[PDB]
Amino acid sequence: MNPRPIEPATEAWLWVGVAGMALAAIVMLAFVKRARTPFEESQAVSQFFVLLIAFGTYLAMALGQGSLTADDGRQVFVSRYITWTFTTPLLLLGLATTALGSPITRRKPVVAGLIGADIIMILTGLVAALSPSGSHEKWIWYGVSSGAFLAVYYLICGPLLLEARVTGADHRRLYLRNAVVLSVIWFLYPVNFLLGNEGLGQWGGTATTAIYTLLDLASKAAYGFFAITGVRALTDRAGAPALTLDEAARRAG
């Protein structure tokens, strides 16, 4: 995997993604080390691996090792799609865990369907990104990926929201708070695809890479601390032990 040449402006935006995800992961690891309940531990570990994998994929892209040449000649950062397949289910799992508790006590096949529809969304998106410009198959997969996105929206706004009301009041508030912010940020992703050089090409590759970088920092770092502070607040309102799970394990032995 010899490093590939990148435009200076594009590589600069990728290094902003590296430094952003690295710092956010370090702070998010603190929420892991200080988790007090299984719900707080699951949410913390999920968010941390979102940032940690995102740091790796931006390091791969910045080092010129996360892109290849499509058949039409464009440069597609496939590493971004590869890790999106793993980070975006962890984000959605956080929503489903908020709505159904940790460990998941009910409606597990709707959680698996959430992850499944999301993984399909990314994978069919990669195919649309690798399809040649101006081709019908490029937008057939775009509409296929958008249909998976619509089903993720439906599960978040329909079944999973119905179960949030069943779980509890504070779980319903946190879920609605986190599901709304996530849904607004994620909506801009197909907009960048449609207008970036992975689609209609209204703006070039550097702008496309920059917007994806800012969206990734928003959906992972900014939203992650937005969500992990709501988890911590819910765990405070729920009256959690003033003890980490590790400290509770040390005293139980």
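Residue numbers run from 1 along the displayed sequence.
Higher mean CA B-factor, judged across 112 to 120 and 162 to 170 from the recorded values: 162 to 170. Higher mean CA temperature factor between 129 to 137 and 88 to 96: 129 to 137, per the PDB entry.
The entry assigns its greatest Cα B factor, within the set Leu215, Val191, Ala70, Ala222, to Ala70. Among the modelled residues of its chain, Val144 has a C-alpha B-factor that falls in the highest third according to the deposited record.
In the PDB entry, a CA B factor belonging to the highest third of its chain's modelled residues is recorded for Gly205.
Ranked by Cα temperature factor within the chain, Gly20 sits in the lowest third according to the deposited record. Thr83: CA B factor lies in the lowest third for its chain, per the PDB record. Compared with the other modelled residues of the chain, the Cα B-factor recorded for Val152 ranks in the middle third.
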